[PDB]
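Values below: all heavy atoms of this structure, side chains included; hydrogens, waters and symmetry mates excluded. Each chain gets a letter, A, B and so on, in the order the sequences are listed, and its residues count up from 1.
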Amino acid sequence: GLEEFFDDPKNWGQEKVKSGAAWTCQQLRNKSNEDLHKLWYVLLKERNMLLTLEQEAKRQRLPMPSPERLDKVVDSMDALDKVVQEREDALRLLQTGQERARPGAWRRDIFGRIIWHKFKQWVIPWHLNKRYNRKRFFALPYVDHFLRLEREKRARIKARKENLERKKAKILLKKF
Amino acid sequence: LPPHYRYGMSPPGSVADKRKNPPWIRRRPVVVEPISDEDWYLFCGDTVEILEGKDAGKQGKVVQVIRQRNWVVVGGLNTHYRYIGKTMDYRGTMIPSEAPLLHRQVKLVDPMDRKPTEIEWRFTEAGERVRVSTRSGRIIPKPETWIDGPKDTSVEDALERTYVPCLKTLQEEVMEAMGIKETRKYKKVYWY
Amino acid sequence: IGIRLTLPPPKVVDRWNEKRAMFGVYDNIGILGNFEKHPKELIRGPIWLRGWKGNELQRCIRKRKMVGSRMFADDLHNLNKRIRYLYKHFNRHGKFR
Amino acid sequence: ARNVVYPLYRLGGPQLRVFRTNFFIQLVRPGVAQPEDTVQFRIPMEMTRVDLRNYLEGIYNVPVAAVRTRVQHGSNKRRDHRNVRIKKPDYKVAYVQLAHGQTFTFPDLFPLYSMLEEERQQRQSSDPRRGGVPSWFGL
Amino acid sequence: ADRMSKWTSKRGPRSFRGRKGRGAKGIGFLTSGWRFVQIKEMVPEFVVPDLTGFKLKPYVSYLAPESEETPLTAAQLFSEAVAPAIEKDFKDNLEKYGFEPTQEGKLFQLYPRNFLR
Amino acid sequence: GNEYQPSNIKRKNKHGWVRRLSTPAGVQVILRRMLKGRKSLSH
Amino acid sequence: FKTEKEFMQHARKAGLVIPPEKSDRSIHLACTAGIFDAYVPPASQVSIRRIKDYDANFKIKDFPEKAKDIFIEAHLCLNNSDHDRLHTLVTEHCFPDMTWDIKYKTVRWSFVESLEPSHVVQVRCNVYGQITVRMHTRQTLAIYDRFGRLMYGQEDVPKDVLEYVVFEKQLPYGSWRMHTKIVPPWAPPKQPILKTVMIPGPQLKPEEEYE
RNA sequence: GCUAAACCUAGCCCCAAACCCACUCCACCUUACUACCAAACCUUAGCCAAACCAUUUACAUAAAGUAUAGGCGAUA
RNA sequence: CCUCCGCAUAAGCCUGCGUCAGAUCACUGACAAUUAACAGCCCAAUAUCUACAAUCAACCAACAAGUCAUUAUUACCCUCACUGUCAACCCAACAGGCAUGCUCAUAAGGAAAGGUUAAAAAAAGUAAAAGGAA
RNA sequence: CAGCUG
Ligand SMILES: [Mg+2]
Ligand SMILES: [Mg+2]
Ligand SMILES: [Mg+2]
Ligand SMILES: [Mg+2]
Ligand SMILES: [Mg+2]
Ligand SMILES: [Mg+2]
Ligand SMILES: [Mg+2]
Ligand SMILES: [Mg+2]
């Protein structure tokens, strides 16, 4: 019911709620996938509870009772999601040996730079996809000059940074 | 927090800080000397001894360590006096506030000699690294319950290894466990 | 009033620095080391002006032919325009001719 | 879910299923008078009306009957010290009318000082008859 | 006249404002007379479990110990998942042990993905 | 001075990303803005 | 404003949400908000044990001698305005109460011989020792102004002073410092003042009347 | 005595040395930042100098501003 | 007392006289809002059809010759998603301009006067003997 | 031309 968007009605206005730790990752690597599924919905409902409580906290111009447990619940959802992705990845390396879940290719757009192109799903094959074939994955020769100019802008920023680091080091040896 | 943000006695996000360090100020940065993470040897709660200024020779206890400015707040020493709670027409109260100290100005204290000793990080068989004084081979140790609420897992349920490592997906395992049965086979699309 | 009110921090100069104490050593490496090195092989600097002195048009010409192939694009371009300007100045302008 | 590539459906394919839902939700208090059945929520941008119906049905067991969504423009008119516009983020709002004649009202959420307060009671403001003379002295 | 502002759906003439949307995914398609057909199968079903008798709360008690992070590499998952079956069937066709060469016959294909999340 | 008489169709069709990439000259326009370091390469 | 409630209600009406943040450092007080047991003037060897178990070298038979020198020397620090010694001689509950009103005017307090011997009266008790002493002295005052013209007390003439001075000690590096000074309700009025005072009536807005 | 005035240190410049960058997830050549349907190369010109302008006019050391070229002139 | 203005949509703009609070002829911060039926966003192929304007369309009247359409077979069964919706607003000027539908003096929208005096000169309006372009 | 008009 909708009362699951709000916590225990005893806690209303108490300005401090004892919550435990977050889930770390290693505690969660011991749980089955069915158990991580169910824990995902536990943490999901808890997160919606705390977000309603934040928005009502800003509405009534008051501070949160305890804003820490929102950080803990986001912490736990992050750890849980990371664990599940680990198991997907390891199984993908065994069964197929790929490293990305989604295919792509190193291509090179109109602007000369090398880009990881992530593939999208389509229904028709690429040679008669009318919109895909309007994209240019090649740079013509009027770009190579700008590639050189960009290369030199990066080299100037790097040179300035490295030199500036050495000057600061000299000031530290003069001061100490 | 911006570049060349100046650290102070207030924590880096408080109200007093945003009064002191608004997002548009630019000050001369403090040249602090580089102390490596492995080489910082004053911890919160160490009994120390002040070498310079007022309260020289007195042995206090480190309360806060502001490590970005090589700082030690010896609680109860190196004090000036500020008012607090000053309203429009009440003069507040007089309070002994504490000015910090650089790590150079403070030395540690042997718990059996009560003397200002140099500290080197020697190594030990039992513990990989710990502080050892110089005037004696003495290990000066690093210094310093709970009932669960209705939404904490007990230590029992938090540590049950319910995970049998298999070669199935979370998706496939939940489809089996939830009793969801999918007859339609997935139809191959193009990726480009 | 562009004058400073407090006098600046003092300039502590170490006359017996490592550099100052050993300045000038091996300037006579030629004349009392059997001429195996010239003193001009003691100086460090840009590669196009080690043991060479010129006015500015000559420094620019020498820099272009010695290092100009690996100069950056708009530095090379600025330097070509400086030679073109300094050419048109030394050769066509002045008092004495 | 949000920030995920959805797999492409071809005609005769399996059901698209989400196992761990990415997008959260928060039910807000209405700023205007609302019918008793209506409940207001702040959906995230990518969540449709249908996703919200199945979301409340599946997870919270709420009998939802109607859903209507509006996208709210947050202001891009307030500036830094650098005269650069800060944007308050846009957000989607869901108005959910509950079924079976049920009714929701937003609950009334939110219904050393010894030293200071025990010197604020011993203040003892100066007598006007004392005429500025410090009353510390026993004379 | 703005360039700095994000080009959102609120912004063009009518023909512009109709086309651009936010990040939501298409559920069906338009037909003649602008009649939207919704496809049941494109709408995501929230597979939601039964939480009855479930012993995991959202927080962990502080009395639980500290452990070391050991991410699941494919060597580990091969070791525990596969290695007993190979040790047993070697002391006494790799597809026997939970390996599949292709997965074009499979519902939850691992590369490229078909499942969500 | 009411020379600017706005519409978004003329603005995107005149100076948008797609018209800029349609020609080699326009691609060089984008590349110059990308090299100056601009926040808006186009409309 | 005038209190904390006015500021927090104004910060709620404005929208200033001030989050109460958790800091590991607190304020290291060395004083007390007032007096432990208000000695009302005309058995406490408990607290003498609870002092000697910390200090362990403490003779009460020598203390009102010491309490004389903590008193008198502190008052001479008003003649020069030497605040840095006063922080050694006086507590921080007592420092503003004796130095605030005296700012921007010169005082010329002086001591002359006591009529009676000073004698300790009572003793009470993270731990704060607190000793009240009776002193019956003869002192001289002359409080001047910013402009150096006399506004209190003849400079030469000694006056007889009763002084129920309360001392306090922290119980590591602390000592006995003047904490307060009890003035009994029966005490005679002080010296009158050299100038005259008008005390205003109620400032009436037009809608109200004087009654 | 107001308005003000002062201030060092952000950073930068020139060298040297060394051959740089670039897929968390998602989106991005359609009206870029939008989940998903039937074609590239082709002498630079001119300013300017020649006191005009019309051919012409620069783009390690040393030989050497030599041989040469050139309205045999500017110059190269 | 004005009202040659209004109210809506279009284009444009993008939170720009909502509430709470504060600083400043006498904007800043917080919070809240615009809910689709109106409007955008359409269409399975392959063939094959589309001589006779509109004008109260009746004749009559014409020339400058016109704004509107299917059939045959095949395929086809799910259904209401997404986006726009606020304002005292835009382009200019430091006067002006603006598409369309209604209302044609208004049921809607507003105020020419900070206070005074009642000089000159200047602007605009009204009145003017006799004369009537001198 | 006649007429009107600061
Ligand atoms: Mg809407
Ligand atoms: Mg010429
Ligand atoms: Mg309709
Ligand atoms: Mg409207
Ligand atoms: Mg009206
Ligand atoms: Mg006026
Ligand atoms: Mg006139
Ligand atoms: Mg007349």
Side-chain angles (χ1 to χ4, degrees), chain A residues 58-59 61 100 104 109-110 113-116 118 120-124 128-131 134-136 140-141 150-151 154-155 158 160 164, chain B residues 4 26 28-29 189, chain C residues 1 3-6 44-46 48 52 62 66 80 83-84 87-88 92, chain D residues 2-6 8-9 31-32 48-50 68-78 93 95, chain E residues 2 5-7 9-28 30-40, chain F residues 1-2 4-9 12-13 16-18 21-22 41-43, chain G residues 10 13-17:
Chain A
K58 295 174 183 168
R59 174 70 176 279
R61 299 292 179 75
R100 278 85 53 198
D109 57 348
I110 324 187
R113 67 184 60 93
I114 290 167
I115 290 184
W116 178 253
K118 302 180 176 167
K120 291 167 61 165
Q121 299 159 337
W122 306 85
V123 161
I124 57 174
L128 40 87
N129 198 159
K130 191 179 184 177
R131 192 177 82 225
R134 287 200 300 264
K135 286 191 286 186
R136 275 89 79 205
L140 294 182
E150 289 283 0
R151 195 209 212 279
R154 289 176 301 204
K158 182 169 173 198
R160 283 202 296 262
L164 193 271
Chain B
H4 293 292
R26 300 160 61 78
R28 296 158 193 125
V189 295
Chain C
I1 319 98
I3 190 159
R4 61 180 302 156
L5 274 312
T6 55
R44 299 165 71 82
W48 66 94
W52 184 84
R62 185 169 168 96
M66 281 190 66
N80 285 334
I83 298 163
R84 206 176 305 129
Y87 178 89
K88 289 185 303 171
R92 301 172 185 181
Chain D
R2 49 90 58 79
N3 289 124
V4 180
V5 37
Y6 280 16
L8 195 59
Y9 171 71
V32 292
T48 58
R49 176 173 299 189
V50 192
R68 275 175 274 110
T69 66
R70 71 114 203 285
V71 160
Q72 183 66 49
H73 174 78
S75 71
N76 203 6
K77 162 249 191 63
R78 59 164 295 178
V93 185
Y95 298 96
Chain E
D2 275 339
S5 293
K6 192 190 177 187
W7 178 258
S9 177
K10 285 181 186 300
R11 198 164 165 183
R14 290 192 303 179
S15 176
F16 277 19
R17 297 195 303 265
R19 293 183 184 282
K20 185 147 189 72
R22 312 281 173 160
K25 311 278 181 205
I27 278 176
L30 279 186
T31 71
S32 301
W34 291 279
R35 182 181 64 82
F36 188 75
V37 166
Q38 164 172 339
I39 299 167
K40 181 62 56 65
Chain F
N2 54 356
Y4 175 65
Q5 211 63 249
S7 75
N8 293 314
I9 301 166
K12 306 295 280 288
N13 277 325
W17 185 258
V18 170
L21 294 187
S22 73
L41 305 180
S42 184
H43 291 283
Chain G
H10 181 267
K13 286 185 186 179
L16 290 181
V17 175

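Minimum interatomic distance between E/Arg11 and E/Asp2 (heavy atoms only, all atoms of both residues): NH2-O, 3.1 Å. Listed here is the closest heavy atom pair of D/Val71 and E/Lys10: O-NZ, 3.3 Å.
When each of H/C25, I/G84, H/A5 is scored by its nearest atom to the side-chain atoms of E/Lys10, the top-ranked nucleotide is I/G84. Nearest nucleotide to the side chain of E/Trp7, out of H/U31, H/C26, I/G22: H/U31. Ranking H/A10, H/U31, I/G84 by closeness to the D/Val71 side chain, first place goes to I/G84. Counting only heavy atoms from C-beta on, D/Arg78 has its side chain closest to I/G29 among H/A32, I/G29, I/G12. Checking H/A10, I/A11, H/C12 against every side-chain atom of E/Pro13, the shortest atom distance belongs to I/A11. Checking H/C36, I/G84, I/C31 against the side-chain heavy atoms of A/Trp122 singles out H/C36 as nearest. Relative to the side chain of C/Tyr87, the nucleotides H/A58, I/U83, I/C27 differ in distance, and H/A58 lies closest. Side-chain proximity of D/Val32 to I/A33, H/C21, H/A35: nearest is I/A33. Relative to the side chain of E/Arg11, the nucleotides H/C25, I/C14, H/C29 differ in distance, and I/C14 lies closest.
Applying the 3.5 Å distance criterion, the base of H/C12 shares no donor-acceptor pair with the side chain of A/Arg160. Donor-acceptor pairing under 3.5 Å, judged by distance alone, is present between the side chain of A/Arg136 and the base of H/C29. Side-chain atoms of A/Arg61 and base atoms of I/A30 include a donor and an acceptor less than 3.5 Å apart.
Contact annotation: F/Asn8 side-chain N/O to I/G12 OP1/OP2 distance is under 4.0 Å. OP1 or OP2 of H/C8 lies within a sub-4.0 Å distance of a side-chain N or O belonging to C/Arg4. One finds a side-chain N or O of B/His4 lying less than 4.0 angstrom from the OP1 or OP2 phosphate oxygen of H/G11.
Stacking between E/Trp34 and the base of I/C42 is present: ring centres sit under 5.5 Å apart and the planes differ by under 30 degrees. In this structure, C/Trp48 does not pack face-to-face on the six-membered ring of H/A60, missing the 5.5 Å centre cutoff or the 30° plane limit.
With the cut-off at 3.5 Å for both distances, H/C33 forms no Watson-Crick or G-U wobble pair with H/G65. Judged by the 3.5 Å cutoff on both pairing distances, I/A133 and I/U117 do not qualify as a Watson-Crick or G-U wobble pair. By the Watson-Crick or G-U wobble test, with both distances required under 3.5 Å, I/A54 and I/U116 do not count as a base pair. Pairing check for I/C82 against I/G40: the two satisfy the Watson-Crick or G-U wobble geometry, each of the two atom distances being under 3.5 Å. I/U106 and I/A72 are not base-paired, meeting neither the Watson-Crick nor the G-U wobble geometry with both donor-acceptor distances under 3.5 Å.
In H/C37 the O4'-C1'-N dihedral to the base is within 90° of 0, which defines a syn nucleotide. Anti is the glycosidic conformation of I/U19, whose angle departs from 0 by more than 90°. Glycosidic conformation of H/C23: syn, with the torsion inside 90° of 0.
Shown here, I/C27 forms a base pair with I/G22; the pair counts as Watson-Crick or G-U wobble because both key distances fall under 3.5 Å.
Residue D/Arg2 is classed as having no contact, given no heavy-atom separation below 4.0 Å to the nucleic acid. Counting any heavy atom pair closer than 4.0 Å across all strands shown, A/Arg59 reaches sugar-phosphate atoms only and no base atom.
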